[PDB]
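Residue numbers (full-length UniProt numbering), protein chains in the order written: chain A, 589 to 651, 655 to 666; chain B, 75 to 417, 429 to 563, 589 to 651, 655 to 694, 698 to 729; chain C, 667 to 694, 698 to 729; chain D, 192 to 286.
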Amino acid sequence: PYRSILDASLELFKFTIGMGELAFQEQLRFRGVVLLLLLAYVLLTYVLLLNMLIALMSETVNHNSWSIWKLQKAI
Amino acid sequence: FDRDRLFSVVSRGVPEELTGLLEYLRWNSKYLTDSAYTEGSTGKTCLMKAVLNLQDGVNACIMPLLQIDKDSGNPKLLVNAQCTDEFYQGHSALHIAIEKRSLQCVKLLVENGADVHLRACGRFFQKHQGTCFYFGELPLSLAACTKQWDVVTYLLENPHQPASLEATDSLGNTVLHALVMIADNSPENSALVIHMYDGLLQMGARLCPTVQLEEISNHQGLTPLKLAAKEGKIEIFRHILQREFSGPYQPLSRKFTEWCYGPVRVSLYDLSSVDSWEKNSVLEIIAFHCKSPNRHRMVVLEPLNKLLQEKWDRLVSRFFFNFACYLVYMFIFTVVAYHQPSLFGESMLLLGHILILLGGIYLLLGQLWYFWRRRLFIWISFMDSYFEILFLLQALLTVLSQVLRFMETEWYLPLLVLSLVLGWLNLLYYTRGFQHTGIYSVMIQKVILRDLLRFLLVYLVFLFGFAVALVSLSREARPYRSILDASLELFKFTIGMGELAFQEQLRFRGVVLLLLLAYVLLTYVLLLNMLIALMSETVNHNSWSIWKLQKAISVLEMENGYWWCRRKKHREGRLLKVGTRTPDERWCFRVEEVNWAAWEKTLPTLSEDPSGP
Amino acid sequence: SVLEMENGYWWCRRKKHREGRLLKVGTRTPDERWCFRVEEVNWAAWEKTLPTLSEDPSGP
Amino acid sequence: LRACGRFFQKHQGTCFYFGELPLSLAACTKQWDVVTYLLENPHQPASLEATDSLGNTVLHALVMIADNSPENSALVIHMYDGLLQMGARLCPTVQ
Ligand SMILES: CCCCCCCCCC(=O)OC[C@H](COP(=O)([O-])OCCN)OC(=O)CCCCCCCCC
């Protein structure tokens with residue numbers, strides 16, 4: 589399962605790309621705690637992605656960019 | 075000559091039919107204040123009934139009735155009578171005269187020795203839920219809460235019964251406390267309260283100059299500025315903190331102006347019972363003792379914004395020092411948890438465990454001291470005192486796991502892992518030390534949280550129902591064997607690993623496929639509804658002031674130091690003389709402004725020459 | 667939702683209660702009407718021009 | 192008379208830079224009578240061009256303190272025009 593920090597970080601990062609493995613591993617002495625901890629990570633990760641989406645929508649809807660492009664043209 | 079005859083004559087205002095009252099009252103050896111003449115069980119007398127209805131603001135039956143009462147030889151004066159019942163107690167005839175907007179009637183009753191200081195401490199006059207109108211239960215305060223200037227002017231300058239502008243009620247409130255206590259954020263009420271607060275202050279300047287009306291406290295120990303801060307009344311809060319008067323009414327001002335040079339002006343705001351040197355300052359009351367949604371609104375107003383900015387600029391070095399200490403403690407706690415044995430290196434691991442125990446005990450003691458000092462702050466505001474709760478929780482877990490390490494049991498490692506996880510989630514507190522991450526941290530618990538809880542409730546209901554459905558339907562043979595396994599398989603659709611296959615092993619397989627498709631559709635409905643509702647809540651947007662409130666709470670805790678050492682507390686501002694009231701020296705805060713439109717040199721200045729900070 | 671609940675269940679019909687109080691509003698000989706008590710606070714209406722049914726405040 | 196003190200130099204903190212000249216001080220105060228009297232008095236006439244320690248003239252000083260606010264911008268624009276039209280008929284040799 590998880591043997592190193594790099595491997596566990598790679599397995600945990602795959603939840604954002606849609607390949608997060610979530611299984612009830614019947615090989616560890618503490619398995620329900622690992623399952624609950626994975627669920628908590630999934631919840632907090634969805635909090636982070638949702639917060640980023642909401643904050644960036646809020647920044648955009650309260651909108655300039657045409658003149659910034661013209662400044663890039665002048666440079 | 076029964077009571078109903080009196081209460082019918084005085085309801086008409088005719089004075090001629092009062093004949094026969096003096097003779098019968100002298101013959102029967104009775105009194106006009108007796109319970110026989112009282113209107114029912116409520117306690118109402120004849121004069122209050124005569125006052126209650128008026129013909130063009132005047133009654134021709136009041137003065138003859140008072141003459142009859144004077145001629146009757148009453149041991150107790152009828153104009154000072156009170157109702158004395160459960161709901162409507164202490165309500166005198168002068169209050170009703172003030173109510174009906176008849177200055178002439180108020181004059182008519184006060185000419186004959188009406189007691190001005192009569193407290194009306196009934197249930198209707200006390201502030202409570204239901205039906206009430208609290209106004210300070212005094213005729214002076216009643217006129218102050220009615221928006222009447224003639225009546226209060228006559229009451230404060232009459233030769234018969236002068237009204238003391240300071241007068242405590244049963245709750246301890248004065249006229250200023252009562253005028254602060256009933257206030258809205260609405261433009262109609264706020265202008266009323268502000269203008270007549272100013273009027274009463276300027277009246278008390280020349281009526282009772284020996285006493286300080288602002289520096290008085292009620293039974294709760296709050297000045298009207300502190301009462302406005304605690305009750306959340308912000309419209310009078312700004313005006314009290316920012317009031318400037320030019321002329322003879324100079325000492326009752328708080329926004330003095332030191333000097334002007336063209337467009338730049340240096341002005342001194344007042345910090346009297348405002349800065350954190352006082353035990354019950356306005357900043358502490360706003361941050362900790364106020365239960366109102368307008369808390370963050372009361373922080374970003376001058377001079378509190380610049381004062382708290384100065385305090386943060388002075389304490390940011392200790393803020394980042396605490397951040398560095400917590401980061402080092404979590405690095406040591408992570409290294410030890412990474413190198414746990416199977417359940429020189431051993432001595433180093435024992436030293437690491439000792440350091441973990443010491444840090445956990447330190448954090449637990451600090452959090453317990455904070456909870457002892459701020460026990461009401463949790464009930465007042467959960468969304469401002471939750472990290473501390475988390476800073477408590479893992480801390481005791483940090484202790485508890487070590488206890489389970491001492492007993493050499495199985496569950497010491499899961500508790501250590503949860504301590505590590507909760508400690509790394511507790512690192513987001515110090516993100517309030519920067520402005521961008523500080524604004525970011527507001528959204529993570531305020532708006533998204535309620536939507537996430539309701540979404541989790543609906544999703545858990547749907548997930549449990551569908552899990553039981555696929556468990557019960559898949560038992561018959563021609589996958590899902592338990593509720594936990596089926597819930598785990600069904601939850602994977604939200605993370606992109608939902609297995610959707612036509613299982614050719616069950617007797618009912620098309621029903622299972624259709625049921626899975628229905629679950630997918632309803633799950634997408636739930637996620638889409640959450641997204642739409644949270645976008646709708648966000649687009650109709655505050656958060657900058659909420660971050661500033663978190664800054665003010667952060668600095669006020671840091672000025673108290675740690676639990677083991679109490680730091681010295683420094684006064685903000687300078688002690689400068691603002692006038693000859698014999699000198700009037702005040703502690704003040706220097707605020708610099710630039711105004712390119714104010715080009716009139718009319719107002720005087722304290723200092724004739726510019727000077728630096 | 668509430669209007670369906672005032673009809674009770676299909677097996678038992680619940681008693682239905684009148685809302686408000688029966689009070690006299692004028693001599694039209699009396700004009701007694703069933704009415705609902707509504708409390709309001711207005712800090713701008715300071716003119717005592719309109720007459721009132723009751724001269725003294727009372728509770729609900 | 193140049194007033195080259197720390198208060199009159201442009202820096203962070205407390206200051207009011209205006210070109211450290213009485214002509215430029217009247218130009219940064221929104222006063223037309225005082226500048227009109229200073230530029231056309233027979234005793235001590237005021238040269239509209241006059242370098243300060245930073246090299247700024249009255250026009251440079253009037254540009255240097257300016258906001259994007261409507262109150263300051265109208266002031267600066269109108270009296271920039273006024274000083275230019277005054278220098279047209281007062282010192283027409285120089286630009
Ligand atoms: C041997 C006895 C020594 C006692 C004194 C130790 C020095 C004081 C440590 C300290 O500054 O604690 C503050 C820090 C942050 O807590 P908080 O007030 O921000 O709480 C905010 C909650 N909202 O809290 C921590 O970081 C706890 C860490 C404990 C170990 C410190 C190691 C220092 C390494 C240099």
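C-beta: ideal position from N, C-alpha, C; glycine also.
Residue i: CB within 6 angstroms of a non-hydrogen atom of ligand 1
{"i": "B:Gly444", "result": "yes"}
{"i": "B:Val409", "result": "no"}
{"i": "B:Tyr447", "result": "yes"}
{"i": "residue 734 of chain B", "result": "Nothing about residue 734 of chain B can be read from this structure; chain B reaches only from 75 to 729."}
{"i": "B:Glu473", "result": "yes"}
{"i": "B:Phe456", "result": "no"}
{"i": "B:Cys399", "result": "yes"}
{"i": "D:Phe198", "result": "no"}
{"i": "B:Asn673", "result": "no"}
{"i": "B:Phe476", "result": "yes"}
{"i": "B:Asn396", "result": "yes"}
Which listed residue (the options) has its alpha carbon closest to that of residue i
{"i": "B:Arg517", "options": "B:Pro149, B:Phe393, B:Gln200", "result": "B:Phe393"}
{"i": "B:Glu609", "options": "B:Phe547, B:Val621, B:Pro589", "result": "B:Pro589"}
{"i": "B:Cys704", "options": "B:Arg694, B:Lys690, B:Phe405, B:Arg175", "result": "B:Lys690"}
{"i": "B:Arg687", "options": "B:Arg679, B:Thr648, B:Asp108, B:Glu701", "result": "B:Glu701"}
{"i": "B:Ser346", "options": "B:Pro337, B:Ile314, B:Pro367, B:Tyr335", "result": "B:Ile314"}
{"i": "B:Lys300", "options": "B:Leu250, B:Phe551, B:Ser646", "result": "B:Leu250"}
{"i": "B:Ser320", "options": "B:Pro726, B:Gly692, B:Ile268", "result": "B:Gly692"}
{"i": "B:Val630", "options": "B:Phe603, B:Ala252, B:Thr718", "result": "B:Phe603"}
{"i": "B:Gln452", "options": "B:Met468, B:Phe429, B:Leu443, B:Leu481", "result": "B:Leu481"}
{"i": "B:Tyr323", "options": "B:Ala279, B:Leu450, B:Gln286", "result": "B:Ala279"}
{"i": "B:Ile170", "options": "B:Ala361, B:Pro213, B:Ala265", "result": "B:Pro213"}
C-beta neighbour in chain A for residue i, strict 7 angstroms
{"i": "B:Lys531", "result": "no"}
{"i": "B:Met528", "result": "yes"}
{"i": "B:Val180", "result": "no"}
{"i": "B:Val649", "result": "yes"}
Whole-angstrom C-beta distance between residue j and residue i, which should lie under 8 angstroms
{"i": "B:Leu644", "j": "B:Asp536", "result": "5 angstroms"}
{"i": "B:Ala124", "j": "B:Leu139", "result": "6 angstroms"}
{"i": "B:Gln163", "j": "B:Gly196", "result": "3 angstroms"}
{"i": "B:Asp243", "j": "B:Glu211", "result": "5 angstroms"}
{"i": "B:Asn511", "j": "B:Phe476", "result": "6 angstroms"}
{"i": "B:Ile474", "j": "B:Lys365", "result": "No, B:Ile474 and B:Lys365 are not in contact; Cβ-Cβ is about 18 angstroms, not under 8 angstroms."}
{"i": "B:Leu505", "j": "B:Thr408", "result": "7 angstroms"}
Chain B within 7 angstroms of residue i, Cβ atoms only
{"i": "A:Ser597", "result": "no"}
{"i": "A:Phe601", "result": "no"}
{"i": "C:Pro699", "result": "no"}
{"i": "A:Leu610", "result": "yes"}
{"i": "C:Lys682", "result": "no"}
{"i": "D:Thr220", "result": "yes"}
{"i": "A:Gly620", "result": "no"}
{"i": "C:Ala714", "result": "no"}
{"i": "A:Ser592", "result": "no"}
{"i": "D:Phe198", "result": "yes"}
{"i": "C:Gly728", "result": "yes"}
Contact with chain C by residue i, beta-carbon distance below 7 angstroms
{"i": "B:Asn263", "result": "yes"}
{"i": "B:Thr205", "result": "yes"}
{"i": "B:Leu126", "result": "yes"}
Cutoff 7 angstroms: residue i Cβ touching any chain D Cβ
{"i": "B:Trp386", "result": "no"}
{"i": "B:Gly686", "result": "no"}
{"i": "B:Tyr335", "result": "yes"}
{"i": "B:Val338", "result": "yes"}
*Could you tell me whether the segment 715 to 726 of chain C touches the segment 221 to 241 of chain D, using the rule of 3 or more Cβ pairs below 8 angstroms?*
The way I'd put it, the segment 715 to 726 of chain C doesn't touch the segment 221 to 241 of chain D; fewer than three beta-carbon pairs between them come closer than 8 angstroms.
*Three or more beta-carbon pairs under 8 angstroms between the segment 390 to 407 of chain B and the segment 502 to 522 of chain B, yes or no?*
yes
*Take every Cβ of the segment 291 to 300 of chain B, pair it with every Cβ of the segment 197 to 215 of chain D, and state whether three or more of those distances are shorter than 8 angstroms.*
no
*Flag this pair as touching only if the segment 519 to 530 of chain B and the segment 434 to 441 of chain B have three or more C-beta atom pairs under 8 angstroms; answer yes or no.*
no
*Given 8 angstroms as the limit, is there contact between the segment 658 to 668 of chain B and the segment 357 to 369 of chain B, that is, 3 or more CB pairs closer than that?*
yes
*asked:* Within 8 angstroms, do at least three Cβ pairs link the segment 616 to 635 of chain B to the segment 317 to 330 of chain B?
replied: no
*Would you say the segment 126 to 142 of chain B touches the segment 85 to 93 of chain B, given that touching needs at least three Cβ pairs under 8 angstroms?*
yes
*How do the segment 179 to 193 of chain B and the segment 233 to 242 of chain B stand: do at least 3 beta-carbon pairs fall below 8 angstroms, yes or no?*
yes
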